[PDB]
Amino acid sequence: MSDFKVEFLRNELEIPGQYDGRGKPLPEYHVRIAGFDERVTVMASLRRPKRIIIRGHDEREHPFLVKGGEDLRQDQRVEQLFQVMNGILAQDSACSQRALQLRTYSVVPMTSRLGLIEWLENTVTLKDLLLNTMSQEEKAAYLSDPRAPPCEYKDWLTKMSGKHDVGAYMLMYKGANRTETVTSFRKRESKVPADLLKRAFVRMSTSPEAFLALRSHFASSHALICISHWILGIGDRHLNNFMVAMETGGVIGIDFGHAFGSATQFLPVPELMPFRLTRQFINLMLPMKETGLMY
Amino acid sequence: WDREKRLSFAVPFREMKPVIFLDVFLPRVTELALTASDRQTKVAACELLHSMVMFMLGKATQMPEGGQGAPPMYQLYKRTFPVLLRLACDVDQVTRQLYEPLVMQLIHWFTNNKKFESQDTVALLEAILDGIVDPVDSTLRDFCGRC
Amino acid sequence: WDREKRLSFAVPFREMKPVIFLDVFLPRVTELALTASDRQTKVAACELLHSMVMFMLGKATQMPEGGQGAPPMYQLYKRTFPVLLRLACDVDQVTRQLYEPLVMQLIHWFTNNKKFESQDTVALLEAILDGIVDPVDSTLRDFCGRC
Amino acid sequence: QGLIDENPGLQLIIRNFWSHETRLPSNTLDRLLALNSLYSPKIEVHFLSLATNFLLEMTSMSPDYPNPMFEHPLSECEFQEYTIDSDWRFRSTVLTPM
Ligand SMILES: Nc1ncnc2c1ncn2[C@@H]1O[C@H](COP(=O)(O)OP(=O)(O)OP(=O)(O)O)[C@@H](O)[C@H]1O
């Protein structure tokens, strides 16, 4: 990665996977590698993938995710799908009139154990965004200073008859009568701060007209993603697995190691929920339930 | 144009010191200064933007925060430098006599013992080296070359 | 103690803003803060010098001048740092609880990404490494070692 | 002469009497000019501290009196409250191993 430069006796490497079916290509206009750079960092999530940087002959950055050991064949195929969903969405009146499209993005399965997955620049994950709306005083409730889990959940497992951290859920579904689990879940759902995402968009927005619009596109793009993720049975909708496209303010559903029902098939902790409509989204729509614009 | 309010400006009253954040005025004042067809509006919108970019440089140079991320106002500089070029070689001669010297003045300041390494100058350089490219203006490119 | 007046301080009046140059008070206030035998004078002379060295750091950090010679207030720093040591480990416990933390606080600030190369820190280092030598005090040397 | 009086309570009432904006003017020039009338030699050892106590305390009401001198701190850092013993003590008065 230090040794690679533009030199003769080498086929100049066009930037990976930039070729697509959207019109005739103009191949020589596609970016090509000038070189790698003396910079790296590792992402927090369990396979510790890597924010590599490429400089192109355009004298421009392509920050990129290397992911690997996981086979990007599945991730490529779950995007072919999303490209054809943008296809029908652009091509029926009920969705062209609403300007409805997902964002897909480029996977490229560079080997059976790699891909250079494109980083969307000027974006942040929804958990990063959420904590970034908190003050140091509510952040104490995730530093886990008021109780050893952020909300009581891991310790409250003992009241729910579950002892250990992993798999103990396998017991609670036995005696989890509606009344005790709802009333205790409602006590936690009512602990964690009000109006966090309302605060996120008030911070983004210039003025009330710009807020009303930005709100609607987040909730619209979010809505379309969560049905289409359901349609292909994807799961593990963890709050790092969404990004706010921070310029346009829309949601992007980020990754798919558990596509095609395979999230809920895998035994040790079953996923009952088909997709995500949680509290800070209901709180984003507050004066009307999810039965409004989302529905 | 920014994630959090820069330009916090205390209005000189006698009883009190209420605060205006001037970075709400730029998105409209920049459009007036270029595109106002009424000439008297245009020049007054320029001298507001001039005094407001003087305010900008000063407030940044008090070091409201010293790096450790996006330098304060880099996100403004990235958005106001291309406006400053398009508006030096504006037609209106009263505008040109005000901003040709100001861009060269900025261009001097943005080479300096500390600041030559700053992303303030990266934003500046890539603004001007997008300036020379412009697909719809012949006089912008000449100016950006001389810049 | 200096060739030209640093510390130009505009008194907060309602009609007007007259200017005091505070660097005339130091030569007497430093002597009071150490050597005043009346205890009530002593502590009040300390909290003036504390607030006046807070003023000092701030006024220098606005960059009244950025080098190109003796840094502004280096000549004050060279004269006030040895006073600050002698006056942390003063006997009087009300004085000690005010200046032991302040010298460690200064000593943190005077290591930093820009300022670690500054003669502000050379003056500081050579003040403390004259502190450990003192031929007539046993407790100053211990403190300057811990510094 | 009541302006040097031995009891700090009466010393304060006569100070507060002259400080009033009808006894002794509020604009800084006429205050500075008027203070020359607040003298007779029996006060002289105290006078300079009184004249300055009448000028700076005109700032006790000024719009800048509660403003910060510099807007923000030296860099990213965080601050706390504190307390000082200030009661009965000079350091050199209690034995080591106790
Ligand atoms: N397009 C993207 N733009 C920016 N960040 C991304 C993007 N795609 C993935 N990430 C980052 O990569 C990290 C993990 O890799 P990725 O999401 O692709 O695979 P994953 O199987 O879901 O990994 P993991 O389960 O560990 O989160 C994410 O947590 C996120 O920080």
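In the PDB archive, cryo-EM is given as the structure determination method for this entry, at a resolution of 4.39 Å.

Caption draft 1: Focus on the overall build of chain B. Helix and strand content of chain B: 6 helices and 2 strands. The C-alpha atoms of chain B give a radius of gyration of 16 Å, which matches the 15 Å a tight globule of 147 residues would have. Judged by the C-alpha coordinates and their principal axes, chain B covers about 50 × 40 × 25 Å. Here chain B holds 17 positive side-chain charges and 18 negative ones, and the gap between their average locations is 3 Å.

Caption draft 2: Inspection of the overall build of chain A at higher detail. When you go through chain A residue by residue, the secondary structure sums to 11 helices and 7 strands. Each of the three principal axes of chain A carries a C-alpha extent, and together these read 70 × 45 × 40 Å. Residues counted as buried form 33% of the 295 residues belonging to chain A. Expressed as a percentage of contacts within chain A between residues at least 6 apart in sequence, the contacts between residues at least 24 apart total 58%. When the accessible area of chain A is evaluated, it comes to approximately 19700 Å², of which 55% is carbon and sulfur surface. A distance of 7 Å separates the average location of the 38 positive side-chain charges in chain A from that of its 34 negative side-chain charges.

Caption draft 3: A look at the packing of aromatic side chains. As enumerated under the stated definition, the model contains 16 aromatic pairs over all chains in all. Pairing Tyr-77 of chain C with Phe-110 of chain C gives two aromatic rings, centres 5.9 Å apart and planes at 85°, and the pair type is edge-to-face. Of the two residues, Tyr-77 of chain C sits in helix α3 (residues 74–86) while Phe-110 of chain C sits in the loop between α4 (93–109) and α5 (119–131), which places them 33 residues apart along the sequence. Judged by relative accessible area, which is 3%, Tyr-77 of chain C ranks as buried. When its relative accessible area of 3% is taken as the criterion, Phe-110 of chain C is described as buried. One residue, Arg-39 of chain C, lies across the ring of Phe-90 of chain D, its end atom 4.6 Å from the ring centre. Of note, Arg-23 of chain D hangs over the ring of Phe-17 of chain D, and the distance from its end group to the ring centre comes to 4.3 Å.

Caption draft 4: Inspection of the site of the ligand at higher detail. Residue and element names in this part refer to chain A. Contacts to the ligand come from 14 residues, most closely from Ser-45, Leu-46, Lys-67, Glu-118 and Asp-255. Note that an oxygen atom of the ligand is positioned 2.7 Å from one of the side-chain N or O atoms of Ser-45. A distance of 3.2 Å separates an oxygen atom of the ligand from a polar atom in the side chain of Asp-255. A total of 580 Å² of accessible area belongs to the ligand in isolation, and the protein chains cover 88% of it. When grouped by side-chain class, the residues that make up the shell around the ligand number 8 nonpolar, 1 polar and 5 charged.

Caption draft 5: Region of the structure containing the sheet that holds strand β4 (residues 114–118) of chain A. All names here are of chain A. Strand order across the open sheet formed by 4 strands is β1-β2-β3-β4, with antiparallel pairing between neighbours. Both outer strands of the open sheet, β1 (33–36) and β4, are each paired with one neighbouring strand and no more. Going from strand to strand, the sheet's axes swing by 40° on average, the running direction of each strand aside. Taken together, the 5 bridges between strand β3 (residues 61–68) and β4 define a ladder with antiparallel strand orientation. Its bridge partner lying in β4, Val-66 is registered against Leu-116.

Caption draft 6: Main features of helix α2 (residues 28–35) of chain D. All names here are of chain D. When α2 is considered as a whole, its buried residues turn out to be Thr-28, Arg-31 and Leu-35. An end-on view of α2 places all buried positions within 60° of arc, on one side of the element. Along its buried surface, α2 packs onto α1 (8–19) and α3 (47–56).

Caption draft 7: Seen up close, unusual backbone geometry. For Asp-236 of chain A, which is not a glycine, the phi torsion comes out positive at approximately 50°. Structurally, the position occupied by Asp-236 of chain A is in the loop between α9 (208–231) and β6 (242–245). Backbone geometry places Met-73 of chain C, a non-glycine residue, at a positive phi of 70°. Position of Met-73 of chain C relative to the elements: it lies in the loop between α2 (39–61) and α3.

Caption draft 8: Local environment of the arrangement of the chains. Ranked by contact count, the leading pair among the 4 pairs of chains in contact consists of chains C and D. Looking at chain A next to chain C, you find no contact at all, with the nearest C-alpha pair sitting 21 Å apart. One finds no contact between chain A and chain D; the C-alpha atoms of the two approach each other to within 11 Å at their closest.

Caption draft 9: How the structure looks around the nonpolar core. By size, the foremost hydrophobic cluster in this structure holds 44 residues, and its most contacted members are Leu-7, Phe-81, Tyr-99, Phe-110 and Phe-143 of chain C. The residues contacting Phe-81 of chain C, other than those within four sequence positions of it, are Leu-106, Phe-110, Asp-120, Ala-123, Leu-124 and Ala-127 of chain C.

Caption draft 10: Representation of the pairing of β6 of chain A within the structure. Residues and elements named next belong to chain A. Burial along β6 is two-sided: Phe-242 and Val-244 and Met-243 and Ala-245, pointing in opposite directions, are all buried. Pairing between β6 and strand β7 (residues 250–253): 4 bridges, direction antiparallel. Its bridge partner lying in β7, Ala-245 is registered against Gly-250. In textbook terms, the turn of a hairpin is the stretch between consecutive antiparallel strands, and for β6 and β7 this stretch comprises 4 residues, one of which, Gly-249, has a positive phi near 80°.

Caption draft 11: Structural context of the environment of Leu-33 of chain D. Residues and elements named next belong to chain D. Inspection of the secondary structure puts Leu-33 in helix α2. Classification of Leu-33 by relative accessible area gives exposed; the value is 56%. Through-space distance from the C-alpha of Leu-33 to that of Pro-8 is 27 Å; in sequence the pair is 25 residues apart.

Caption draft 12: Seen up close, a negative patch on the surface. On the surface, a cluster of negative charge is made up of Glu-59, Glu-61 and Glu-121 of chain A together with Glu-126 and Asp-130 of chain B. Take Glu-59 of chain A: it is sitting in the loop between β2 (50–56) and β3.

Caption draft 13: Representation of a nonpolar patch on the surface. All names here are of chain A. Together, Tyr-153, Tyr-169, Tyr-173, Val-269 and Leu-272 give the surface a local cluster of nonpolar side chains, amounting to about 500 Å² of exposed area. Take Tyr-173: it is sitting in helix α6 (residues 169–175). Judged by relative accessible area, which is 55%, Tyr-173 ranks as exposed.

Caption draft 14: Quick look at the pattern of salt bridges. Evaluation of the coordinates by the stated rule reveals 27 salt bridges over all chains. Ionic pairing is found between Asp-255 of chain A and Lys-67 of chain A, a salt bridge with its closest N-O pair at 2.7 Å. One end of the pair, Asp-255 of chain A, is in the loop between β7 and α10 (262–265); the other, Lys-67 of chain A, is in strand β3, with 188 residues separating them in the sequence. Both residues of the pair, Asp-255 of chain A and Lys-67 of chain A, count as buried. Between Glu-65 of chain C and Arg-6 of chain C there is a salt bridge whose closest N-O contact spans 2.9 Å. Placement of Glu-65 of chain C in the loop between α2 and α3 and of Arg-6 of chain C in the segment before β1 (8–10) is noted, with a sequence separation of 59 residues between them. Look at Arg-6 of chain C and you get buried, because its relative accessible area is 18%.

Caption draft 15: Just the environment of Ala-168 of chain A, in detail. All names here are of chain A. With respect to the element layout, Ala-168 can be found in the loop between α5 (153–156) and α6. Residues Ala-168 and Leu-157 lie 11 residues apart in sequence; the distance between their C-alpha atoms is 7.7 Å. Setting aside its immediate chain neighbours within four residues, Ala-168 contacts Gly-162 and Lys-163.

What counts and what doesn't
Shown numbers run from 1 along every chain as its sequence is written, which may differ from how the entry numbers residues; residues without coordinates are omitted from display. Written order determines the labels here, with chains lettered from A and ligands numbered from 1. Shown here is not the whole assembly but part of a larger one, and the values apply to the part shown. Computation of side-chain values covers all heavy atoms of the structure but excludes hydrogens and water. Helix and strand labels come from DSSP, where a helix needs a run of H or I of at least four residues and a strand needs a run of E of at least two; each type is numbered from the N terminus. Between the two quantities, the radius of gyration covers C-alpha atoms and the globule rule is 2.2 Å times the number of residues to the power 0.38. We treat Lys and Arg as the positive residues and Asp and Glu as the negative residues; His and chain ends play no part in the count. To locate a charge, take NZ of a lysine, CZ of an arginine, CG of an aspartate or CD of a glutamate. Only protein chains enter the calculation, and the probe is 1.4 Å; a residue is then buried if its accessible area is under 20% of its type maximum, exposed if over 50%, and partly exposed in between. Note on contacts: a residue pair is in contact if any heavy atoms of the two residues lie within 4.5 Å. Each accessible area is a Shrake-Rupley estimate made with a 1.4 Å probe; only the visible protein chains count as cover when residues are assessed. Pairing of aromatic rings covers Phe, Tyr and the six-membered ring of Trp, with a centre-to-centre limit of 6.5 Å; geometry is then stacked below 30 degrees between planes, edge-to-face above 60, and tilted otherwise. Note on criteria: charge over ring means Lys NZ or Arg CZ within 6 Å of the ring centre, with the direction from the centre no more than 35 degrees off the ring normal. By convention in this text, a residue qualifies as near a molecule or strand provided that one of its non-hydrogen atoms is within 4 Å of it. Polar contacts, as counted here, are pairs of nitrogen or oxygen atoms within 3.5 Å of one another; within protein the pair requires one atom able to donate a hydrogen and one able to accept it, and residues that are adjacent in sequence qualify only if both atoms are side-chain atoms. Throughout this entry, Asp, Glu, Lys and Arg are counted as charged residues, while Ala, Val, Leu, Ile, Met, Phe, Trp, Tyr, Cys and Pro are counted as nonpolar. The remaining residues, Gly among them, count as polar. Two strands pair under a simple rule: DSSP has to find at least two bridges between them. To obtain an axis, a line is fitted to C-alpha atoms, over the contacting stretch when the element is a helix, and the angle between two such axes runs from 0 to 180 degrees between their N-to-C directions. Note: the arc covers the axis-to-C-beta directions of the helix. Only buried residues count toward a nonpolar core. Its members are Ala, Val, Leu, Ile, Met, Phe, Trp, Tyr and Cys residues joined through side-chain atoms within 4.5 Å. Nonpolar side chains (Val, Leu, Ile, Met, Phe, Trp, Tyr) within 5 Å and like charges within 9 Å form the patches, drawn only from residues with over 30% relative accessible area and no salt bridge. By definition, a salt bridge exists where a carboxyl oxygen of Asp or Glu is found within 4 Å of a side-chain nitrogen of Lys or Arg.

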